[PDB]
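The lines below spell out each chain.
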Amino acid sequence: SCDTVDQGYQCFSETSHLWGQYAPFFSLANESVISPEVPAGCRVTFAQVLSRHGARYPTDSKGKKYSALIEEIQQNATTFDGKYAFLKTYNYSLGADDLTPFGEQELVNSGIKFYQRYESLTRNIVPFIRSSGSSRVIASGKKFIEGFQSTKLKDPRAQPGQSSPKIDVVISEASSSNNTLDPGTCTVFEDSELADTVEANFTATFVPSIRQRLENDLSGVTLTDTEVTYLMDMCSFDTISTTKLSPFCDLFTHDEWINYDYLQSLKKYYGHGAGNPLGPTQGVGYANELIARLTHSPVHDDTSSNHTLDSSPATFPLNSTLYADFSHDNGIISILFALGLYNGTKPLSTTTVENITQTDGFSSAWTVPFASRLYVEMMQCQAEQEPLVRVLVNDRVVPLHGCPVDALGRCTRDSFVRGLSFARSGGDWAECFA
């Protein structure tokens, strides 16, 4: 009743919305200055959705650490009173790596919403779909298809006998694979430790106090700063693993969650966003593929794209009207920056928390929550002659940069494409090997 198709996850909002990329999707439609609705007198002529996979269990690697830390606390602590009582008998039973049942539901809902928003197109066009080769992503693609098709069957104006969508291309995640959705071939970038340095710097500003409180309340226990953040991570996973808030959430105050949320934004920003010298460069391949689709022209890219894969209509159609791509948070972050969407955002302070007003709408929770979605739509309106482009990120209309935006956040397709000079030139891909 609080996780809906339109609004997303609204349960425990004062806490759940502060989990960064471990936060379930929640609609930012009400936070948008510009109305998300398709303008009266306009008709959508192109729509592409780039979606992240749904909510998942911890990765096997982290699950080990979480489990170990909990058994260790259960052994070393002499007293478990008050809000720590649950810990005495907590039994770690989370799965690993896979999409959770809640995560599956998130994608089904996303499919329903995409179908309804673009009904005039979705009623008789089958979207061309691609997914990065990771089980949780592939499963997310399939759930989205379920939701999308289920809504189409109930539509009286839908075209009878049309085929169902399916995953047309699965891009390998092998280290030697050219994958525009989540590049792994930029050698120098892959070796970068910038995010680790930043994570260390910031946690130092607020975790130590928390650590002291926990060490003091659970006598016999010693914790490193990192382990405390594992306990905060558990609040998220232990809550959405299934109605009730995880007891792990109760161990931290609200201002600590504000800090945690900010820590997640830093990791993404300096790891794959503009904070990293080669961050935005990871998204140019995808951006050039987008330019190809908007203009119905072959791809001109020499970065992350697979030349063979993009040379043929079978694996890269230029005239489908609807497209859907499924990926990871990291690739999406880089793509968002390569599209120039956060050009009005100054480098995030590494010592002090900055609110969403200061960061001009950027945060991990606002850009890459679980099941996040980015829509790129093109429309033709009565007054204008050229088609207009608009981008919504998790339902917030994000004003475009590099082109003359109108009152509704749109740019003509041509000036928009013209504005992506960084991507069209190949970003700083050269720096990947030198």
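Reading guide: rules and limits
- Residues numbered from 1 in each chain as written, not as in the entry; some residues may be left out.
- Heavy atoms only, no water.
- Patch = residues over 30% accessible without salt bridge, like charges linked within 9 Å, V, L, I, M, F, W, Y side chains within 5 Å.
- Areas by Shrake-Rupley, 256 points an atom, 1.4 Å probe, with all protein chains shown as cover.
- Salt bridge = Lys/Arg side-chain N within 4 Å of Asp/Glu carboxyl O.
- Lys, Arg positive; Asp, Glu negative; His and termini not counted.
- Charge placed at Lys NZ, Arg CZ, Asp CG, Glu CD.
- Helix = DSSP H or I, 4+ residues; strand = E, 2+ residues; numbered from the N terminus.
- Buried < 20%, exposed > 50% of the residue type's maximum accessible area, 1.4 Å probe, protein only.
- Axes fitted to C-alpha atoms, helices over the stretch in contact; angles between N-to-C directions.
- Parallel < 35°, antiparallel > 145°, perpendicular 65-115°, else oblique.
- Left-handed = near helix turned anticlockwise from the far one by under 90°.
- Contact = heavy atoms within 4.5 Å.
- Nonpolar A, V, L, I, M, F, W, Y, C, P; charged D, E, K, R; others polar.

Per the deposited record, X-ray crystallography is how this structure was determined, to a resolution of 2.5 Å.

1. Some words on a negative patch on the surface
On the surface, a cluster of negative charge is contributed by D60, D97, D98 and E104. The topology assignment puts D98 in the loop between α2 (60–76) and α3 (101–117).

2. Quick look at the pattern of salt bridges
Under the counting rule described, the total for this entry stands at 16 salt bridges. Linking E256 and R213 is a salt bridge whose minimum nitrogen-to-oxygen distance equals 2.8 Å. Judged by its relative accessible area of 8%, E256 falls in the buried class. Residue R213 is classed as partly exposed on the basis of its relative accessible area of 26%. Measuring nitrogen to oxygen at the nearest pair gives 3.0 Å for the salt bridge that ties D406 to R410.

3. Things to note about the packing of helix α7 (residues 194–204) against helix α10 (residues 254–271)
Packing of α7 against α10 leaves a shortest axis separation of 8 Å and a crossing angle of 160 degrees. Of the possible angle classes, the one that applies to α7 and α10 is roughly antiparallel. Considering the relative orientation of α7 and α10, their crossing is right-handed. On α10, the residues that touch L194, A195, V198, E199, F202 and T203 of α7 are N259, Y262, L263, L266, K267, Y270 and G271. Of the residues contributing to the contact of α7 with α10, the split by class is 8 nonpolar, 3 polar and 2 charged.

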